[PDB]
2 protein chains.
Amino acid sequence: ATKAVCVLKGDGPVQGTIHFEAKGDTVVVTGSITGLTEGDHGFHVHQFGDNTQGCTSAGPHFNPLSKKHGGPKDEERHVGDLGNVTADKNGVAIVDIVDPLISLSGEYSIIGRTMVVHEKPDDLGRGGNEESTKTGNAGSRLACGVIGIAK
Amino acid sequence: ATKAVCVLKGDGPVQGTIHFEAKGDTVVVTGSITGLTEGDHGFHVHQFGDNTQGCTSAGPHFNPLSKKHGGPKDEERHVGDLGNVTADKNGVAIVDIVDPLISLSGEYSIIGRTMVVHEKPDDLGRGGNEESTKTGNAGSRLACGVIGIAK
Ligand SMILES: [Cu+2]
Ligand SMILES: [Cu+2]
Ligand SMILES: [Zn+2]
Ligand SMILES: [Zn+2]
């Protein structure tokens, strides 16, 4: 696939539409998320595209290379670690990310996996505690969706 | 990869969970759908995993070999043509299918595409009008979900 899309939904008011486009050896991630509290919110690809138990069944961050959690510019990061999105005072986050590790084809393909936006900021593995190294202390999963193939 | 799952939802009461498992060289489809009217209901893989406009944005039947619509046992069918599921008087349809054209990897992969359950029976391409050769006259899309990777 060259293009993909994800619609984020949850039990609360958070919702959004994320688009993905392969460009060169990168994936361009664009879209918007609404209903968030102003400030930063962790934003990652989780391993499974299983929404049988809401966002909980999506599993942990996508990590085929068995690394610790980090920020997007770090060498030591999960393939799914896309850092944070930032909501404004009206609860709207505009997504504009370029990433070279996620892919829409091959081994690191995220098609069929789940995008999740979280309750708190991702501390990018620099939190000083053990949870920082696993999840970034991003807390709750507010909304998620399975990444599908788009036209 | 080897296992996939889809949660079907829509604007009505129809809901369901469908599991896919690669066994040997084929794909086994199992699960259940509830909230349906008694009788047969078309059940197909549609091309796009795009639920931005509900089930409408899933597009037509997945059809990489550019054939006309048919039943699952026909030579002339779309890869997405899985026939009908049958609901009992209580509105429950048990799904138990084995198909030789869909896959979970490669060119025929359905990961990231959309499973749809329709309002009316699929006539398996034998209705005699142009619409039969496209959709089986299965009608509206009652529920759908994007097919994701499962553990
Ligand atoms: Cu996450
Ligand atoms: Cu259909
Ligand atoms: Zn991570
Ligand atoms: Zn068809």
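Per chain, numbering begins at 1; letters A, B, ... match sequence-line order. FYI, side chains are in, hydrogens and waters are out, and symmetry mates aren't considered; it's all heavy atoms of this structure. Remember, it's 1-based here, ligands and their atoms both numbered in the order they're listed.
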SB check A:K23 A:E21 (cutoff 4.0 Å): no
Give me the ring orientation class for B:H61 and B:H69: parallel if the planes are under 30° apart, tilted from 30 to 60°, perpendicular past 60°. tilted
N/O/S atom of B:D122 under 2.8 Å from the Zn ion (ligand 4), yes or no? no
Flag the pair B:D74 and B:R126 as a salt bridge only when some basic side-chain nitrogen lies within less than 4.0 angstrom of an acidic carboxylate oxygen. yes
Nearby protein N/O/S atoms (those under 2.8 Å) for the Cu ion (ligand 1), with water ignored: A:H44 ND1, A:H46 NE2, A:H118 NE2
In B:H78, what N, O or S atom is nearest to the Zn ion (ligand 4), if we give its atom name? ND1
Residue that, paired with A:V95, satisfies side-chain contact (heavy atoms from CB on, under 4.5 Å) out of A:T30, A:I33, A:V117: A:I33
Using every non-hydrogen atom in the two residues, find where B:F20 and B:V27 come nearest and quote the distance to one decimal. CB-CG1, 4.3 Å
Would you please indicate yes or no on a ring centroid separation below 6.0 angstrom for A:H44 and A:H78? no
Round to 10° and report the angle made at the Zn ion (ligand 4) by ND1 of B:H69 and OD1 of B:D81. 100°
I'd like to know if the Zn ion (ligand 4) has an N/O/S atom from B:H61 within less than 2.8 Å of it, counting both backbone and side-chain atoms. yes
Verify the distance criterion only: is there a donor paired with an acceptor across the side chains of B:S132 and B:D123 at less than 3.5 Å? yes
Salt-bridge test for B:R77 and B:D99: reply yes if a basic N is under 4.0 Å from a carboxylate O, no otherwise. yes
